[PDB]
């Protein structure tokens, strides 16, 4: 399979263009559109990469195009660990979908935050807030595909199944790729010498939801997460040989570009994925 990487949350991790040029990644998720819903003006946060005011982040379209030209799919990730995002009603789900269509997808807007490039899809990293309406938001985004160009839908649920926030949305069967976060969650992550919890969880995910492909999401360095880091050798010798048996296996997902560079994680596992 391939590696999905998240980019955006550390100004020192390189440009989107550089990130794609590594040839290590097949999917790039831009993190994050962390404020939206409830009448708020949506706002993108890309840490020190750029300031979205006055079109300061439109420069990112150069990288988006550069990635796409190389066959890499680029998604805008909603949510994250920090943010006041939520959906207040089904109407809010519709307003948000329309805003996303016009500002990041095939629609039209005078103030597209990342410029004129058209992103491949939308990634859902909903970690707190409202548990309602994410399925409607997925439906409304998916309907825009009917205009001709596919809007990919991807999701980053946490490993305990089912996910309190994304369970219903994942049940719609609309998601193309689901990179489950097998960390920061004791009952379903790796712990020294024990791979049972992670495998058992992987089995639940791959047999329970209908999505195109499911990915094993991991922290790329011990600093990238509170818990659940898996040393490369253990992944390669014990985990991959098992999870690759599933026909739904798509690859591995890592948080994040910054930590991957520091720890050389994808460099170590690339050919085994």
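Residue numbers count along the first chain shown, from 1.
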Looking at the entry, does 176 to 184 or 113 to 121 show the higher mean C-alpha B-factor? 113 to 121
If you average the CA temperature factors as listed in the entry, which stretch comes out higher, 138 to 146 or 152 to 160? 138 to 146
Of the options 191, 90, 77, 201, which has the highest CA B factor as deposited? 191
Looking only at 59, 67, 239, 216, the Cα with the top B-factor belongs to 59
How does the C-alpha B factor of residue 51 compare with the rest of the chain: lowest, middle or highest third? highest
Sorting by Cα B-factor within the chain, modelled residues only, which third would residue 128 end up in: lowest, middle or highest? middle
Relative to the other modelled residues of the same chain, rank the CA B-factor of residue 107 and answer lowest, middle or highest third. highest
Using the B-factors in the PDB entry, rank residue 235's C-alpha atom against the chain and give the third, lowest, middle or highest. middle
What third of its chain, lowest, middle or highest, does the C-alpha temperature factor of residue 44 fall into? highest
